[PDB]
Amino acid sequence: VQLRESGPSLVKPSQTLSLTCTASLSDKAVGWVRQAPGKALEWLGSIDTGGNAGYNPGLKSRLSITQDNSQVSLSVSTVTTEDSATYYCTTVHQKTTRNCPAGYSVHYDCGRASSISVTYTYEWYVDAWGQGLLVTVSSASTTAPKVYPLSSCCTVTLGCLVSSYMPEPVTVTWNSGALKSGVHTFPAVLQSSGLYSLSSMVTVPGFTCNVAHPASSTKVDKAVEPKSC
Amino acid sequence: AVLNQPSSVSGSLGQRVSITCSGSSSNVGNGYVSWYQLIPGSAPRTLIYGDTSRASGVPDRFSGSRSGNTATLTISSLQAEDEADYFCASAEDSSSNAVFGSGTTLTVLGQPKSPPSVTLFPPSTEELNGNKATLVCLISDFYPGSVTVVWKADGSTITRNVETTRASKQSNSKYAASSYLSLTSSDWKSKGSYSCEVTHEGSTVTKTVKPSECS
């Protein structure tokens with residue numbers, strides 16, 4: 001089972017943000033969890049099979065979740081600088097069990113007779129998580145990156161240089177996911193001009209990086225080969 | 001509106017470690033606490049659901065518990081791959097309203113130190129065609145994560161135009177960092193040797209590039 005999150009990685013302040021979640025989707029509910037950078041996880045909401053949607057009480061007026069029975073869309077209106085977070089789509093299990101003590105006697109519709117109040121237990125846990133999606137919140141400007149191949153001067157070390165771009169993030173995949181053993185993508189550095197710059201090297205004992213920059217809708221493929229020497 | 005967790009929790013290698021999730025009667029009082037593990041570079045991992053029930057593919061060392069309004073997560077025989085952020089969560093007043101924990105960072109002590117792996121790349125020919133040069137120095141797989149970086153040009157210490165990132169923790173408990181020397185194209189071919197000197201726990205690793213013998 002897989003789970004993909006789609007949407008814009010950039011949204012300006014005072015603007016509605018809309019995401020979309022697709023997965024391989026009616027056995028369990030679908031939930032949304034966001035994590036502010038350097039903060040705890042934040043429960044946003046969910047929607048079950050029957051269509052019942054639950055929201056976080058602190059933000060219930062701001063966000064809304066729609067579903068088309070296999071895409072669940074989360075819409076948080078009037079974004080701000082505090083909404084910049086990684087939004088995980090998740091399949092969460094929800095179940096409300098009204099419990100009664102020993103005797104097997106329960107009833108609703110407002111020994112057989114009982115004077116013990118009905119206390120209920122709410123079952124909740126995230127079954128499966130998604131890879132995630134970072135949505136940044138700033139006016140700024142989408143500046144695309146320039147990719148340059150990296151090779152030694154003469155194991156063998158190669159890589160790619162994702163230079164001069166904004167805003168974050170950037171996903172660098174080597175060989176469209178085929179090359180994964182030996183790949184190391186470093187975090188970006190913030191230069192004086194205000195643009196980020198990261199690298200992604202691959203170590204070989206004895207090659208085409210696929211750099212994607214979502215804010216500019218950019219997907220550049222760069223072939224890398226060691227120097228002739 | 002977040003469940004109280006300890007900020008930092010440190011345990012020795014192979015030893016026990018407990019993480020308390022101090023809550024109230026509406027959330028942890030409802031007997032359905034869940035636990036989650038957050039490893040850098042990976043999607044969050046569901047550890048325990050419903051107080052004591054382990055998830056799929058989680059070892060027996062990860063045991064969950066709760067006494068009244070307080071749930072704890074116990075990690076026995078702690079390893080280096082257990083270093084992560086752990087969060088507790090439970091429903092509150094509704095099956096679709098859940099609150100998480102403040103977070104607990106697990107740092108496992110007793111790990112052996114490792115020297116940094118330094119790699120220095122010259123400016124690409126394609127970038128040199130725009131009258132610009134950027135030297136990329138990549139440092140990876142060093143523990144602990146304190147690394148001091150200095151550049152040199154033919155023995156003379158560089159200071160200007162240098163931007164170095166902080167040590168980011170890798171997936172294997174070790175740390176990584178990068179350093180960039182943005183230069184003018186004339187400034188790249190204006191020296192004989194450029195060195196990325198990396199110092200870590202006294203042991204210094206250095207890589208050197210020479211524009212004359214690098215084509």
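Residues numbered from 1 in each chain as written, not as in the entry; some residues may be left out. Chains lettered and ligands numbered in written order. Heavy atoms only, no water. Residues with missing side-chain atoms left out of burial classes, pairs and counts.

For this deposition, the record names X-ray crystallography as the technique by which the model was determined and cites 3.400 Å as its resolution.

What follows covers the sheet that holds strand β19 (residues 208-213) of chain A. Residue and element names in this part refer to chain A. What the three strands build is an open sheet, ordered β15-β19-β20; its pairing is antiparallel. With one partner strand each, in any of the chains shown, β15 (171-174) and β20 (218-223) form the two edges of the open sheet. Neighbour-to-neighbour, the strand axes of the sheet open up by a mean angle of 20°, direction not taken into account. Relative to β19, β15 runs antiparallel, the two being bridged by four bridges. Bridge assignment links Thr173 to a residue of β19, and that residue is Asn210. (Pairing = 2+ DSSP bridges. Helix = DSSP H or I, 4+ residues; strand = E, 2+ residues; numbered from the N terminus. Axes fitted to C-alpha atoms, helices over the stretch in contact; angles between N-to-C directions.)

Residues and elements named next belong to chain A. Across the disulfide, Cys154 is cross-linked to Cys229 (sulfur-sulfur distance 2.0 Å). Classification of the bridge connecting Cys154 and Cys229 rests on its S-S torsion, roughly -105°, and on that basis the disulfide is left-handed. Two residues share a disulfide in this structure: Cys160 and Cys209, whose sulfurs sit 2.0 Å from each other. Given an S-S torsion of about -95°, the disulfide between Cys160 and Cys209 has left-handed geometry. (Disulfide = S-S within 2.5 Å.)

All names here are of chain A. Looking at chain A, the domain boundaries give domain 1 (3-137) and domain 2 (146-223). Here the C-alpha centroids of domain 1 and domain 2 sit 35 Å apart. Of the residues belonging to the side of domain 1 that touches domain 2, the class tally is two nonpolar, two polar and no charged. (Domains from an automatic or database assignment. Nonpolar A, V, L, I, M, F, W, Y, C, P; charged D, E, K, R; others polar.)

Turning our eyes to something else, we now look at the interface of chain A and chain B. With 48 residues of chain A in contact, the opposing surface of chain B contributes 46 residues. Elements that contribute at least two residues to the side of chain A that touches chain B include exactly β5 (30-35), β6 (41-47), β7 (53-55), β10 (85-99), β11 (119-128), β13 (146-151), β14 (156-165) and β18 (196-204) of chain A. (Contact = heavy atoms within 4.5 Å.)

Our next topic: the pattern of salt bridges. Here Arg62(A) ties to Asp83(A) by a salt bridge, and the two come within 2.5 Å at their closest N and O atoms. Among the charged side chains, a network of salt bridges with common partners joins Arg34(A), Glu42(A), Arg62(A) and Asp83(A). (Salt bridge = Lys/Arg side-chain N within 4 Å of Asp/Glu carboxyl O.)

In this section: the environment of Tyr175(B). Residue and element names in this part refer to chain B. Checked against the element boundaries, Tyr175 lands in strand β17 (residues 175-184). Considering only alpha carbons, one finds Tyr175 and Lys207, 32 residues apart in sequence, at a separation of 19 Å. What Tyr175 contacts, discounting residues up to four positions off in sequence, is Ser140, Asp141, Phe142, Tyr143, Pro144, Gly145, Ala167, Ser168, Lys169 and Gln170.

All names here are of chain B. The strand order across the open sheet formed by three strands is β2-β7-β6, and the pairing between neighbours is antiparallel. For this open sheet the edge positions go to β2 (17-22) and β6 (62-67), each flanked by a neighbour on one side alone. Averaged over neighbouring strand pairs, the angle between their axes works out to 20° when direction is ignored.

Next up on the list: the packing of aromatic side chains. Each ring, one from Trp124(A) and one from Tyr36(B), has its centre 6.4 Å from the other, and the planes form 75°; the classification is edge-to-face. Of this pair, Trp124(A) sits in strand β11 while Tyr36(B) sits in strand β3 (residues 33-38), which puts the two residues in different chains. Each residue in the set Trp43(A), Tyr88(A), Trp124(A), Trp129(A), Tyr36(B) and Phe100(B) is aromatic and connected to the rest through ring pairs, giving one cluster. (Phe/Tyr/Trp six-rings, centres within 6.5 Å; stacked < 30°, edge-to-face > 60°.)

Residues and elements named next belong to chain B. Looking at the assigned domains, one finds that chain B contains domain 1 (1-110) and domain 2 (111-211). For domain 1 versus domain 2, the distance between C-alpha centres works out to 38 Å. Facing seven residues of domain 1, the contacting portion of domain 2 comprises six residues.

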